[PDB]
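J.: Below are the structure tokens for one structure; questions will follow.
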Amino acid sequence: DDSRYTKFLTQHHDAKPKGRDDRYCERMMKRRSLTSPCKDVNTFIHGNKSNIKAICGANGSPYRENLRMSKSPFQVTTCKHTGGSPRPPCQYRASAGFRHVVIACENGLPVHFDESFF
């Protein structure tokens, strides 16, 4: 199973986060295998999976040509690589907030997160 929906959950869903700071980002990027090489920017969305899937239906609106914007905010933590080394150990700075998100959907399921919106 290398479905794009499975990959989206591995990279972007953590329902009940243990922290929301720089150490949470360093731990979680390593646990989800996003450190070989260091991924430059990656956001985790918190809360239940059902609310994220509903962005692809009535709880999202079309945004630009092929994306979709949530109608309500979500708790999120964005992790940004610092120090410019693509090689691990990978250091990260966190930015937590309660923000609308923009994703792409295919067949009713989330398959890409637009990091450029933040």
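Chain labels run A, B, ... following the order of the structure tokens; each chain numbers its residues from 1, and ligands are numbered from 1 in the order shown.
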Contacts of region 24-28 of chain A at 7 Å or less, counting only C-alpha atoms, minus same-chain residues fewer than 2 places along, as JSON, numbers by chain?
T.: {"A": [19, 20, 21, 22, 30, 31, 32, 79, 90, 91, 92, 94]}
J.: Atoms to include: N, CA, C and O atoms. Write the selected residues as a tab-separated table (two decimals), in the first residue's frame.
T.:
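The resulting again.tsv:
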chain	number	residue	atom	x	y	z
A	19	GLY	N	3.24	17.52	22.47
A	19	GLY	CA	3.65	18.88	22.70
A	19	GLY	C	3.39	19.64	21.41
A	19	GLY	O	2.75	19.12	20.48
A	20	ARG	N	3.84	20.87	21.35
A	20	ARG	CA	3.57	21.69	20.18
A	20	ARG	C	4.77	22.58	19.95
A	20	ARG	O	4.62	23.69	19.46
A	21	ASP	N	5.95	22.09	20.35
A	21	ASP	CA	7.16	22.93	20.33
A	21	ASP	C	8.30	22.31	19.50
A	21	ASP	O	8.11	21.34	18.78
A	22	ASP	N	9.51	22.87	19.60
A	22	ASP	CA	10.62	22.43	18.75
A	22	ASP	C	10.96	20.96	19.01
A	22	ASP	O	11.22	20.21	18.05
A	30	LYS	N	11.37	12.42	12.94
A	30	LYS	CA	12.12	11.18	12.99
A	30	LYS	C	11.18	9.95	13.04
A	30	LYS	O	11.38	9.00	12.25
A	31	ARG	N	10.13	10.00	13.86
A	31	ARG	CA	9.21	8.85	14.02
A	31	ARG	C	8.43	8.52	12.72
A	31	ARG	O	8.14	7.32	12.41
A	32	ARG	N	8.11	9.56	11.95
A	32	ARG	CA	7.40	9.35	10.69
A	32	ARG	C	8.34	9.16	9.49
A	32	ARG	O	7.91	9.13	8.34
A	79	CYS	N	6.39	22.34	11.15
A	79	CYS	CA	7.82	22.09	11.55
A	79	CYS	C	8.72	22.54	10.42
A	79	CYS	O	8.61	22.00	9.32
A	90	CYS	N	18.31	16.08	12.16
A	90	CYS	CA	17.55	17.18	11.57
A	90	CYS	C	16.96	18.04	12.69
A	90	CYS	O	16.15	17.54	13.50
A	91	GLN	N	17.36	19.32	12.73
A	91	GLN	CA	16.82	20.26	13.71
A	91	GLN	C	15.62	20.98	13.11
A	91	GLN	O	15.62	21.31	11.92
A	92	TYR	N	14.62	21.26	13.96
A	92	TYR	CA	13.36	21.89	13.52
A	92	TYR	C	12.93	22.97	14.50
A	92	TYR	O	13.15	22.85	15.69
A	94	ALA	N	9.29	24.92	15.53
A	94	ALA	CA	7.80	24.72	15.48
A	94	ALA	C	7.05	26.05	15.38
A	94	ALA	O	7.47	27.07	15.97
J.: Using only C-alpha atoms, which protein or nucleic acid residues come within 10 Å of residue 101 (chain A)? Drop anything in the same chain fewer than 3 positions from it, and give the result as a PyMOL selection string.
T.: chain A and resi 43+45+52+55+60+68-76+98+113-115+117-118
J.: Expressed in Å to a single decimal, how great is the separation between CA of residue 96 (chain A) and CA of residue 44 (chain A)?
T.: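 One can read the CA of residue 96 (chain A) to CA of residue 44 (chain A) distance as 9.5 Å.
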J.: Just the residues within 12 Å of residue 106 (chain A), please, counting only C-alpha atoms, with nothing from its chain fewer than 2 positions along; format it as a ChimeraX atom specification.
T.: /A:3-5,8,53,55-57,66-68,103-104,108-112
J.: Please write the residues from the selection above to a file, keeping N, CA, C and O atoms, as a short mmCIF file (atom, residue, chain, number, x, y, z; two decimals), in the first residue's frame.
T.:
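Final output, saved to out.cif:
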data_model
loop_
_atom_site.label_atom_id
_atom_site.label_comp_id
_atom_site.auth_asym_id
_atom_site.auth_seq_id
_atom_site.Cartn_x
_atom_site.Cartn_y
_atom_site.Cartn_z
N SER A 3 -0.64 4.08 -1.26
CA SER A 3 -1.67 4.99 -1.73
C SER A 3 -1.34 6.38 -1.24
O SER A 3 -0.70 6.55 -0.16
N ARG A 4 -1.78 7.38 -2.01
CA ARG A 4 -1.49 8.77 -1.63
C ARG A 4 -2.25 9.15 -0.36
O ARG A 4 -1.77 9.98 0.43
N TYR A 5 -3.43 8.57 -0.13
CA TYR A 5 -4.13 8.83 1.12
C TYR A 5 -3.37 8.32 2.39
O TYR A 5 -3.28 9.01 3.41
N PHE A 8 -0.53 10.61 3.04
CA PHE A 8 -0.99 11.87 3.65
C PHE A 8 -1.16 11.71 5.17
O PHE A 8 -0.74 12.59 5.95
N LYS A 53 -11.13 14.46 6.42
CA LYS A 53 -11.78 13.94 5.22
C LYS A 53 -12.95 14.81 4.73
O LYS A 53 -13.17 14.92 3.52
N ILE A 55 -13.19 17.96 4.54
CA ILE A 55 -12.75 19.09 3.69
C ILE A 55 -12.95 18.74 2.22
O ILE A 55 -13.26 19.62 1.45
N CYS A 56 -12.86 17.45 1.86
CA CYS A 56 -13.08 17.06 0.47
C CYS A 56 -14.54 17.09 0.02
O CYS A 56 -14.84 16.94 -1.20
N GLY A 57 -15.44 17.24 0.99
CA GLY A 57 -16.90 17.39 0.72
C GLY A 57 -17.41 18.75 1.18
O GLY A 57 -16.83 19.81 0.87
N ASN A 66 -7.11 23.75 -8.48
CA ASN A 66 -7.22 22.32 -8.16
C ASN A 66 -7.13 22.00 -6.67
O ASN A 66 -7.01 20.80 -6.33
N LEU A 67 -7.21 23.01 -5.82
CA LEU A 67 -7.09 22.80 -4.33
C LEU A 67 -8.43 23.04 -3.63
O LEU A 67 -9.44 23.38 -4.27
N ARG A 68 -8.45 22.87 -2.29
CA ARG A 68 -9.65 23.03 -1.49
C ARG A 68 -9.25 23.61 -0.15
O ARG A 68 -8.26 23.20 0.45
N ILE A 103 -5.68 21.86 1.08
CA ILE A 103 -5.22 20.49 0.66
C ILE A 103 -5.69 20.24 -0.77
O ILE A 103 -6.50 20.98 -1.34
N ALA A 104 -5.22 19.14 -1.34
CA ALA A 104 -5.80 18.56 -2.58
C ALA A 104 -6.50 17.24 -2.24
O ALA A 104 -6.03 16.49 -1.38
N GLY A 108 -12.42 11.74 -3.26
CA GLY A 108 -13.00 12.00 -1.93
C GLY A 108 -12.08 11.97 -0.73
O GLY A 108 -12.55 12.13 0.39
N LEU A 109 -10.78 11.80 -0.97
CA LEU A 109 -9.78 11.60 0.10
C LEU A 109 -8.63 12.62 -0.01
O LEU A 109 -8.24 13.02 -1.12
N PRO A 110 -8.12 13.07 1.13
CA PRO A 110 -6.98 14.02 1.13
C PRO A 110 -5.72 13.36 0.60
O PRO A 110 -5.36 12.27 1.05
N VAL A 111 -5.03 14.02 -0.32
CA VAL A 111 -3.80 13.40 -0.88
C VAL A 111 -2.56 14.32 -0.93
O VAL A 111 -1.48 13.83 -1.28
N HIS A 112 -2.67 15.60 -0.58
CA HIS A 112 -1.53 16.52 -0.58
C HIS A 112 -1.86 17.69 0.35
O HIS A 112 -3.04 18.09 0.47
#
J.: List every residue of region 49-111 of chain A that DSSP, applied to the backbone, labels as alpha helix (DSSP H), and write the result as a ChimeraX atom specification.
T.: /A:49-53
J.: Convert the current residue selection to file output with C-alpha atoms, as a PDB file, in the first residue's frame.
T.:
ATOM      1  CA  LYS A  49      -9.503  11.998  10.940  1.00  0.00           C
ATOM      2  CA  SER A  50     -13.221  12.401  10.027  1.00  0.00           C
ATOM      3  CA  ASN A  51     -13.059  16.208  10.154  1.00  0.00           C
ATOM      4  CA  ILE A  52     -10.052  16.238   7.758  1.00  0.00           C
ATOM      5  CA  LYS A  53     -11.780  13.940   5.216  1.00  0.00           C
TER       6      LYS A  53
END
J.: Would you please give, as a ChimeraX atom specification, all residues of chain A that DSSP assigns to strand (DSSP E) based on the backbone?
T.: /A:41-45,60-63,67-70,74-82,91-99,102-106,109-113
J.: Which residue, A:46, A:16, A:100, A:39, has the smallest gap to residue 77 (chain A) when you use only C-alpha atoms?
T.: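 Closest candidate: A:46.
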J.: One decimal, in Å: what's the spacing between CA of residue 59 (chain A) and CA of residue 2 (chain A)?
T.: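 Calculated distance between CA of residue 59 (chain A) and CA of residue 2 (chain A) is 26.5 Å.
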J.: Pick from A:116, A:107, A:36, A:42: nearest to residue 87 (chain A), with only C-alpha atoms counted?
T.: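 Result for the nearest residue to residue 87 (chain A): A:36.
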J.: For the atom pair CA of residue 54 (chain A) and CA of residue 13 (chain A), what is the interatomic distance in Å to one decimal place?
T.: 14.3 Å
